[PDB]
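Next up: just one chain, as structure tokens, the form deposited in one PDB entry.
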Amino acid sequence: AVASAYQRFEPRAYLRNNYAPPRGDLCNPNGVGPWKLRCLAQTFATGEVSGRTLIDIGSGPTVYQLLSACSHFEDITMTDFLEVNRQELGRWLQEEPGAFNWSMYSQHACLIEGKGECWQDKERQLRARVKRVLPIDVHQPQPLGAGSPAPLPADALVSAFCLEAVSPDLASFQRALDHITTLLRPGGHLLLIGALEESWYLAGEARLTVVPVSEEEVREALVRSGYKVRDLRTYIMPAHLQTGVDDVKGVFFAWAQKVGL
């Protein structure tokens, strides 16, 4: 019944808590922001993660996780359980009033990538390759998609801070991973980012209870679901980034392959 708590989820508060200074201050190279974008950028740059269709699971109200991705997939589908979030994304996609400002992130993605691209072009490219924002539920064996417009099976998947924040225990976690994995073409690639050893995090009046997982638990989970773990890294949270919006201990990044056998 996490969903019950997620009913009170405030997008603007979530964004403010996790993507605005200090955590949203990309100037310092030792912060999470740089780190996250760096993991994402290096991965796609290897050129091994490519295709036509890609799906972002539990996008929430954020778009940074697709910044380096849009360069490699022409059809991008973003998703999220809450309508509030799908709407918050819409504001940015259609450049509506009050949309969130992702400039710092677009810019840094451009710096790390090194193609001399300007942030305006990357944002316009991402906006262009995002075809639709679909509701989803990782708890359903068929992720809230009876007959979804989304091209299946997607060529790749990306998920940031979703699974561990929507499942109450390690098993819900494991099963949810199984659910989304079905959406992925064999030989496909998964890019997973999430909290390490986190039990709660706020979001306005919403106070989410979550499953504290370790790098090892994540690895085992990926393996159980049939992935070869291509790359798995962890960022330990510095004291200055440890605010009162949660109790994260670190952030992990995983690059996995749906092993076709």
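Superpose the two forms; the largest set of C-alphas matching within 1.5 Å is the rigid core. Residue numbers run from 1 along the displayed sequence.
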Next item on the list: Could you check which stretch, 70 to 78 or 103 to 111, carries the larger mean CA temperature factor in the entry?
Entry: 70 to 78
Note to self: If you take the mean CA temperature factor per stretch, which one wins between 149 to 157 and 113 to 121?
What the structure shows: 149 to 157
Check: If you rank the chain by CA B-factor, which third does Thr234 end up in: lowest, middle or highest?
Finding: lowest
Next item on the list: Report the third (lowest, middle or highest) to which the CA temperature factor of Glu197 belongs, ranking only the modelled residues of the same chain.
Entry: lowest
Next item on the list: Divide the modelled residues of the chain into thirds by Cα B-factor and specify which third, lowest, middle or highest, holds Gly51.
Entry: highest
Next item on the list: Consider only the C-alpha atoms of the modelled residues in this chain, order them by B-factor as the entry records it, and name the third containing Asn30: lowest, middle or highest.
Entry: middle
Next item on the list: Check where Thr209 lands among this chain's C-alpha B-factors and tell me if it's the lowest, middle or highest third.
Entry: highest
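Below, we turn to the form deposited in another entry, even though it does not appear here.
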Next item on the list: Pick out the one residue among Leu192, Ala195, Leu67, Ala203 whose C-alpha shifts by 2 Å or more between the shown form and the other one, once the rigid core is superposed.
Entry: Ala203
